[PDB]
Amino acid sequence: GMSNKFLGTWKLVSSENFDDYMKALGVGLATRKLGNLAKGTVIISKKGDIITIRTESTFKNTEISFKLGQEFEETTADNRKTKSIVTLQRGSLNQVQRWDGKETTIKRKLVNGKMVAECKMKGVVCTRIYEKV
């Protein structure tokens, strides 16, 4: 199952190439501007076999709840209506979102106490690093 080490509140401490990632996703000018300032907190929790990932910012709060390997509908912060699945692969918590024949992945791994989120769309790679607080 998902390591309990993922559970808790995570503070963004580092972000590379998030703007290009949003642009590759088709995010508009205004949401990019707000997104690059947002510096969100991510809260991962579980109730039974339902995992919840909540992202909080002064701009926008969103959350998803899911069971591993079971596809679910998601309306993303940037208003994509996606089909999403979260899987577990070698201890990495891996999310895929599909919409309009496109796909993006968000991979979350633990690295010396930090949570590292690698987000890929086409050939664009965003890395966001979080510390547990």
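Note that residue numbering follows the sequence shown and begins at 1.
**Student:** Which is higher in the entry, the mean Cα B factor of 78 to 86 or that of 28 to 36?
**Tutor:** Mean C-alpha B-factor is greater for 28 to 36.
**Student:** What stretch has the higher average Cα B-factor here, 95 to 103 or 53 to 61?
**Tutor:** For C-alpha atoms only, the mean B-factor is higher in 53 to 61.
**Student:** Ranked by Cα temperature factor within the chain, is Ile44 in the lowest third, the middle third or the highest third?
**Tutor:** Middle third by C-alpha B-factor.
**Student:** Split into thirds by Cα B-factor across the chain's modelled residues, where does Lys120 land: lowest, middle or highest?
**Tutor:** Lowest third, going by the recorded CA B-factors of the chain.
**Student:** Relative to the other modelled residues of the same chain, rank the CA B-factor of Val13 and answer lowest, middle or highest third.
**Tutor:** For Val13, whose C-alpha B-factor we compare with every modelled residue in the chain, the answer is the highest third.
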